[PDB]
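Please note: Cβ atoms are built from the backbone with ideal geometry, for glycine as well, and neighbour counts cover all protein chains shown. Values in this text are rule-based calculations from the coordinates and carry no lab data.
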Amino acid sequence: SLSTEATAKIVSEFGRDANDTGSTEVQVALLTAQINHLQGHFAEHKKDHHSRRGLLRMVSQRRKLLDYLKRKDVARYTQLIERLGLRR
Amino acid sequence: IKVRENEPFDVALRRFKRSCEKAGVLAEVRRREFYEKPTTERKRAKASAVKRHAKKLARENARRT
Amino acid sequence: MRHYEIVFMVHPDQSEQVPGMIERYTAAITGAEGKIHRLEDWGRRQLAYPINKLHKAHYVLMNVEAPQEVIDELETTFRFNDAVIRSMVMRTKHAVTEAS
Amino acid sequence: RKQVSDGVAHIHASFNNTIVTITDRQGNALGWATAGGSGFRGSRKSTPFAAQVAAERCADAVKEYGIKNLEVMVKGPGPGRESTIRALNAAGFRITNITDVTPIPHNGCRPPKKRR
Amino acid sequence: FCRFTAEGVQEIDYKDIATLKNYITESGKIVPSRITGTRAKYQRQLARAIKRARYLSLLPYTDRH
Amino acid sequence: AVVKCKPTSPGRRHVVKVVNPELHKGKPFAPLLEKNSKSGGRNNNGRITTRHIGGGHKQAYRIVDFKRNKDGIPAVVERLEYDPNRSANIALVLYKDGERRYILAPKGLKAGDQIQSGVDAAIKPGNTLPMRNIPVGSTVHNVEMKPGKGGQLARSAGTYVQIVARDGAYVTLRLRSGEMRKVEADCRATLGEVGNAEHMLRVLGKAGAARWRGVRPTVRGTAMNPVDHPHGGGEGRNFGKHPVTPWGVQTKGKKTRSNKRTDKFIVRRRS
RNA sequence: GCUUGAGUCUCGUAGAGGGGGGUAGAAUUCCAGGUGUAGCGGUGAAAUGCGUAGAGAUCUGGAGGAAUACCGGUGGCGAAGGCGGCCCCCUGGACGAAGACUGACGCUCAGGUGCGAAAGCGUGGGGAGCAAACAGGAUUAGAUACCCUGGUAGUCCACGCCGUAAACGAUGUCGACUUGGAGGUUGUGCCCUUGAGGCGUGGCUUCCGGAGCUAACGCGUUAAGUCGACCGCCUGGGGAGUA
RNA sequence: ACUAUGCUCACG
Ligand SMILES: [K+]
Ligand SMILES: [Mg+2]
Ligand SMILES: [Mg+2]
Ligand SMILES: [Mg+2]
Ligand SMILES: [Mg+2]
Ligand SMILES: [Mg+2]
Ligand SMILES: [Mg+2]
Ligand SMILES: [Mg+2]
Ligand SMILES: [Mg+2]
Ligand SMILES: [Mg+2]
Ligand SMILES: [Mg+2]
Ligand SMILES: [Mg+2]
Ligand SMILES: [Mg+2]
Ligand SMILES: [Mg+2]
Ligand SMILES: [Mg+2]
Ligand SMILES: [Mg+2]
Ligand SMILES: [Mg+2]
Ligand SMILES: [Mg+2]
Ligand SMILES: [Mg+2]
Ligand SMILES: [Mg+2]
Ligand SMILES: [Mg+2]
Ligand SMILES: [Mg+2]
Ligand SMILES: [Mg+2]
Ligand SMILES: [Mg+2]
Ligand SMILES: [Mg+2]
Ligand SMILES: [Mg+2]
Ligand SMILES: [Mg+2]
Ligand SMILES: [Mg+2]
Ligand SMILES: [Mg+2]
Ligand SMILES: [Mg+2]
Ligand SMILES: [Mg+2]
Ligand SMILES: [Mg+2]
Ligand SMILES: [Mg+2]
Ligand SMILES: [Mg+2]
Ligand SMILES: [Mg+2]
Ligand SMILES: [Mg+2]
Ligand SMILES: [Mg+2]
Ligand SMILES: [Mg+2]
Ligand SMILES: [Mg+2]
Ligand SMILES: [Mg+2]
Ligand SMILES: [Mg+2]
Ligand SMILES: [Mg+2]
Ligand SMILES: [Mg+2]
Ligand SMILES: [Mg+2]
Ligand SMILES: [Mg+2]
Ligand SMILES: [Mg+2]
Ligand SMILES: [Mg+2]
Ligand SMILES: [Mg+2]
Ligand SMILES: [Mg+2]
Ligand SMILES: [Mg+2]
Ligand SMILES: [Mg+2]
Ligand SMILES: [Mg+2]
Ligand SMILES: [Mg+2]
Ligand SMILES: [Mg+2]
Ligand SMILES: [Mg+2]
Ligand SMILES: [Mg+2]
Ligand SMILES: [Mg+2]
Ligand SMILES: [Mg+2]
Ligand SMILES: [Mg+2]
Ligand SMILES: [Mg+2]
Ligand SMILES: [Mg+2]
Ligand SMILES: [Mg+2]
Ligand SMILES: [Mg+2]
Ligand SMILES: [Mg+2]
Ligand SMILES: [Mg+2]
Ligand SMILES: [Mg+2]
Ligand SMILES: [Mg+2]
Ligand SMILES: [Mg+2]
Ligand SMILES: [Mg+2]
Ligand SMILES: [Mg+2]
Ligand SMILES: [Mg+2]
Ligand SMILES: [Mg+2]
Ligand SMILES: [Mg+2]
Ligand SMILES: [Mg+2]
Ligand SMILES: [Mg+2]
Ligand SMILES: [Mg+2]
Ligand SMILES: [Mg+2]
Ligand SMILES: [Mg+2]
Ligand SMILES: [Mg+2]
Ligand SMILES: [Mg+2]
Ligand SMILES: [Mg+2]
Ligand SMILES: [Mg+2]
Ligand SMILES: [Mg+2]
Ligand SMILES: [Mg+2]
Ligand SMILES: [Mg+2]
Ligand SMILES: [Mg+2]
Ligand SMILES: [Mg+2]
Ligand SMILES: [Mg+2]
Ligand SMILES: [Mg+2]
Ligand SMILES: [Mg+2]
Ligand SMILES: [Mg+2]
Ligand SMILES: [Mg+2]
Ligand SMILES: [Mg+2]
Ligand SMILES: [Mg+2]
Ligand SMILES: [Mg+2]
Ligand SMILES: [Mg+2]
Ligand SMILES: [Mg+2]
Ligand SMILES: [Mg+2]
Ligand SMILES: [Mg+2]
Ligand SMILES: [Mg+2]
Ligand SMILES: [Mg+2]
Ligand SMILES: [Mg+2]
Ligand SMILES: [Mg+2]
């Protein structure tokens, strides 16, 4: 469920400091980090539908933060997506 | 289950069996307990238990006996 | 990385090899970072029921920290070996001591 | 001829029958009797006394072997067994120990359907 | 009586069988909580340890082996 | 793997191809293939002894090693190839000292995997061993019936033998027929299952596809005249005869096993 | 802007949450082998069935499949369907503790899309037990049933379909608010652990009851009370959830 | 053990 070193690495990069860990910029990166880690898990398995429910929670949770971020500030919205590799 | 009873005694006395198994093998796994029926017959045996226990507190009525 | 608690049992005649067996399994794990926390050979203990039509197995508790690559290589050496009568590998919750 | 010291009286007590079978120490049959073999047929075959008389009929017909003392190994439920062991004393034996071999399956095979 | 002790807490372990054999009946079956006290949390740990001990042939599965 | 073909023509409607992408797209390794001329069913005396064989695509023989001796020499699998001579696909194994040879491709094998053969080795799919060294209750293939020979049993796509027991010098094997056959423990067996298990799900789809596999049409006895086949004649779809071969021997339940030299080795016949 | 809703991280706690792989013991059937002598089996009572070719019973050694006794509870987890031997692998959520951060990011949702017991269906495995269909013996006025002896699809597995159930608390989701008692379960505080305790306060949960509501039955801080947001649905019975 | 049925309408 994402190691503490993996979260702390992303937290102390996108945000201001290690203290700041709840920004829309940070939150979207932690979801994206976990969603990509789960693609290996759903490459095989496949029938694990209960875990997919948690994944599809993360996916929809991400899009509501991104859609919030776009309406709030278009500048940092476009800069965040280029770094993470979203919008396909 | 394995009951020797020393030497002078004999007279069965094997409640060790009767207060352990017998009913478990027999009147349960003799004929099929249709998955749901246990869930039904337990929950009524469970509801009948607390029906008596809740009444046992309110059993102290007038009586006059 | 992860802590484990390996408890395997060995056939009576091959109990003389167990001093050697432990040295081989230690060398596998101790090379890859994680140390062995406990060494306790239980000895030729009686079985509750016969396994493989015999009594008296030679029990060995290791208890060790290791990565997942080494522990599964050790798990495979138990199945491809007629000397070892059964084994099991428990999870983490830190290291321990004593108890028998 | 043989002349065994001790044996094992296996009792297979089902609801319908009570099959007594006296064997030796190493599970090797010496003789037997049944509630159906005693006479007692139909409703009479499923009773405590019809098992008693079957054990009395199994008590003799193993006198050639000359068993002094034996172990009981009851099985199934049945109306017998709490009556059949009484018969082994009254006949002429010494019961060393009484045991159960009632085969308890640890939820294994689906039993037959309930009857109406 | 209840759990381990006043300042016990601890965790019910499978290796020791002296304290563990008190929590199984003479046949080999597990004794329930309503006979031997015990909080539900430790009765689950106990049950799990009895099964782990059974696997290693430390405790027996039954007395017809 | 099993791809169903779109119905752009009748006889392309029911076609179901076994496309293996991991197979080789190029010419095979020339030193290990000689020519293989076709019999058309006929023998020494030029007479059709086996009916319904004739024609098909010209196909060269790969010199596949079944015995698999060359001991104590690890060998890297270079590439998985097509074999027209066989149900199962083959693997071009490059031995560390610089030989190449073909082997039957097991299930879990790929271009890059390393394989060893001999007495010691490791218990892993592809590694040939004597069946004495192999664990009881394990899946093998390419099994020898006699020590030192090639490999008779379990060489067809998806096929495998399971080792049931080991009585001293003899090993009891449960074959894919269901027959439990006793073989010598010194005999060798390549570990795992034979690959290309999708082979069975291929469906040809046209009459032509059987022709280019070297099969010729089977004519039914009932169609023929009395002179030709025991089933024969009748004025419009008659029979009234117990099923039989063209040579009168009863088909449809009639044991023709009569070896009697090898009946000692068969534990239980198949069912 | 703000921070109370909502979300993030931090350290843990419980759990048949899931998916993949192993392995254990009891038992059933069967397989060959030893013993052994007439029955066994079954039933309301019988018979078909099985047995002198030596069954049943008993023991020895295998093989295979499926399901996990006891723990086990008005216990737990899951959105629902549902989920119980033990062990590792990957993995989703829940809750608690005190902070720090974001700064309304929220709630509902027509269409859309996913998951969805059992039975079915398709291709390929497996097949002990059980068992629709089916057969025979009973029962009966008849018995295409109930009972008995046999018994194939199926139940198991892998992968696709199906998309329904009294899929039920017959109770849509989210939020706020309004007397109590006895418990179960899992947290975390304060105190002497001074001895299986003393005292709070969060989750989830079962039972009884107050006002209030209800046609009544009952519901009743987990509302069917008092209100708000949005959705779904209803408009006599048959015809018909049919054409 | 199992064990069927009761032709129509009629109490302001
Ligand atoms: K389904
Ligand atoms: Mg997450
Ligand atoms: Mg999380
Ligand atoms: Mg910020
Ligand atoms: Mg919106
Ligand atoms: Mg149920
Ligand atoms: Mg010539
Ligand atoms: Mg020639
Ligand atoms: Mg010639
Ligand atoms: Mg032909
Ligand atoms: Mg030609
Ligand atoms: Mg050829
Ligand atoms: Mg050919
Ligand atoms: Mg061929
Ligand atoms: Mg020799
Ligand atoms: Mg032909
Ligand atoms: Mg044909
Ligand atoms: Mg023909
Ligand atoms: Mg003609
Ligand atoms: Mg001719
Ligand atoms: Mg002719
Ligand atoms: Mg004609
Ligand atoms: Mg005709
Ligand atoms: Mg005719
Ligand atoms: Mg003829
Ligand atoms: Mg003829
Ligand atoms: Mg003829
Ligand atoms: Mg046949
Ligand atoms: Mg604040
Ligand atoms: Mg929340
Ligand atoms: Mg704690
Ligand atoms: Mg769990
Ligand atoms: Mg877990
Ligand atoms: Mg789980
Ligand atoms: Mg699981
Ligand atoms: Mg699984
Ligand atoms: Mg077993
Ligand atoms: Mg068995
Ligand atoms: Mg024979
Ligand atoms: Mg025989
Ligand atoms: Mg008769
Ligand atoms: Mg007859
Ligand atoms: Mg006869
Ligand atoms: Mg016969
Ligand atoms: Mg005979
Ligand atoms: Mg027999
Ligand atoms: Mg028998
Ligand atoms: Mg056996
Ligand atoms: Mg087995
Ligand atoms: Mg819950
Ligand atoms: Mg719910
Ligand atoms: Mg795995
Ligand atoms: Mg949730
Ligand atoms: Mg989360
Ligand atoms: Mg808090
Ligand atoms: Mg703002
Ligand atoms: Mg601020
Ligand atoms: Mg909706
Ligand atoms: Mg909708
Ligand atoms: Mg679906
Ligand atoms: Mg499903
Ligand atoms: Mg589905
Ligand atoms: Mg199903
Ligand atoms: Mg099917
Ligand atoms: Mg079909
Ligand atoms: Mg087929
Ligand atoms: Mg069958
Ligand atoms: Mg049946
Ligand atoms: Mg039936
Ligand atoms: Mg019928
Ligand atoms: Mg008949
Ligand atoms: Mg009938
Ligand atoms: Mg009739
Ligand atoms: Mg049957
Ligand atoms: Mg299963
Ligand atoms: Mg599976
Ligand atoms: Mg699977
Ligand atoms: Mg669908
Ligand atoms: Mg729907
Ligand atoms: Mg519906
Ligand atoms: Mg339901
Ligand atoms: Mg319900
Ligand atoms: Mg309720
Ligand atoms: Mg409804
Ligand atoms: Mg919703
Ligand atoms: Mg909360
Ligand atoms: Mg009231
Ligand atoms: Mg109202
Ligand atoms: Mg009222
Ligand atoms: Mg309510
Ligand atoms: Mg409130
Ligand atoms: Mg309140
Ligand atoms: Mg509350
Ligand atoms: Mg509410
Ligand atoms: Mg309400
Ligand atoms: Mg109402
Ligand atoms: Mg309407
Ligand atoms: Mg209407
Ligand atoms: Mg109408
Ligand atoms: Mg319709
Ligand atoms: Mg009539
Ligand atoms: Mg009438
Ligand atoms: Mg009338």
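Tabulated values for the structure
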read-out	value
Rounded FRET efficiency, nearest 0.05, which uses the C-beta distance separating C:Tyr49 from A:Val74 and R0 of 45 Å	0.05
Chain A shape via C-alpha gyration tensor axes, a/c threshold 1.5	oblate
Relative contact order of chain D, defined on C-alpha pairs under 8 angstrom at six or more residues apart (%)	28
Pairs of Cα atoms farther than 39 Å apart, the protein assembly as shown, %	65
Highest to lowest packing among F:216-229, B:33-46, F:161-174, scored as the average C-beta count within 10 Å	F:161-174, F:216-229, B:33-46
The range F:1-113 - percent relative contact order, Cα under 8 Å, separation 6 or more	19
Efficiency of FRET from Cβ geometry, F:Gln250 and C:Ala32, R₀ 60 Å, rounded to 0.05	0.30
Assigned charges on the beta-carbon of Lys, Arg, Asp, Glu; chain F dipole about Cα centre (debye)	1160
Candidates B:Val50, B:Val11, B:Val29: whichever shows maximal mean-square fluctuation once chain B is modelled as a Gaussian network with Cα springs under 10 Å	B:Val11
The range A:16-41-the range A:42-65 distance, computed between alpha-carbon centres (Å)	15
Check: the range F:1-113 dipole with +1 on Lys, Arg Cβ and -1 on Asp, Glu Cβ, in debye	720
C:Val89 paired with E:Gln45, simple spin-label distance in nm, labels 7 Å along Cα-to-beta-carbon	2.6
Stokes-Einstein translational diffusion, chain B - Kirkwood Rh over all Cα pairs, 0.692 mPa s, 37 °C, in µm²/s	201
Computed label-point distance, nm, for sites A:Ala33 and F:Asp113 using a 7 Å Cα→Cβ extension	3.7
Burial order of peptide ranges E:24-36, F:4-16 (average beta-carbon count within 10 Å, highest first)	E:24-36, F:4-16
Among B:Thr65, B:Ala47, B:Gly24 - extreme Cα towards positive end, dipole of chain B, charges at beta-carbon	B:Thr65
Euclidean distance of C-alpha centroids, the range D:39-110 and the range C:50-67, integer Å	42
For the range F:127-271, with +1 on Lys and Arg beta carbons and -1 on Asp and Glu, the positive-most of F:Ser258, F:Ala165, F:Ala210 along the dipole	F:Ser258
Among A:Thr21, A:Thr78, A:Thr32, residue whose mean-square fluctuation peaks in a GNM of chain A (springs only between Cα atoms under 10 Å)	A:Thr78
Gain upon complete extension [F:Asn43, F:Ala210; 0.36 nm per residue less C-alpha separation]	57.9 nm
Charge sum, other residues only, whose C-beta stays under 11 Å from F:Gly137's C-beta, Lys/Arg counted +1 and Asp/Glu -1	+3
Too-long pairs where the Cα-Cα distance tops 25 Å, listed order kept, from F:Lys107/F:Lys149; C:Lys56/E:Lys51; D:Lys113/E:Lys51; D:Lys45/D:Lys75; F:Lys27/F:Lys107	D:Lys113/E:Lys51
Hydrodynamic radius of the range F:1-77 per Kirkwood, over alpha carbon pairs, in Å	17.4
Of D:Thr99, D:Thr34, D:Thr18, the one that fluctuates the most in a GNM where chain D has Cα springs shorter than 10 Å	D:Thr99
Reachable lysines, given that their alpha-carbon falls under 18 Å from the alpha-carbon of D:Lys63 and they are not under 8 places away in the same chain	D:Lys2
Neighbour net charge for D:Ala13 - beta-carbon separation under 9 angstrom, K R +1, D E -1	+2
Two-site label geometry, F:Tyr61 and A:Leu2: point separation in nm, points 7 Å out along Cα→Cβ	6.4
Ellipsoid equivalent to chain F - semi-axes via the Cα gyration tensor, in Å	37, 27, 18
Per-residue mean of C-beta atoms belonging to partner chains within 10 Å, peptide C:87-98	1
Alpha-carbon centroids, the range F:221-271 and the range E:1-63: separation in whole Å	68
FRET E, pair F:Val136, F:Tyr95, Förster distance 41 Å, beta-carbon r, rounded to 0.05	0.85
Expected 222 nm ellipticity per residue - DSSP helices of 4 or more, -39500 (n - 2.57), all of the protein assembly as shown, to 500	-7000 deg cm²/dmol
Compactness of chain C as Cα Rg over 2.2 N^0.38 Å, two decimals	1.06
Selection from F:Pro31, F:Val64, F:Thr50 lying farthest towards where the dipole of the range F:8-67 points positive, charges on Cβ	F:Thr50
Size of electric dipole in the protein assembly as shown: Cβ of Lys, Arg +1 and of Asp, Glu -1, about Cα centre, debye, nearest 20	4640
For the range F:40-197, projected area of the alpha-carbon convex hull averaged over all directions, nm²	10.9
Cα shape, chain E, gyration tensor, a/c 1.5 rule	prolate
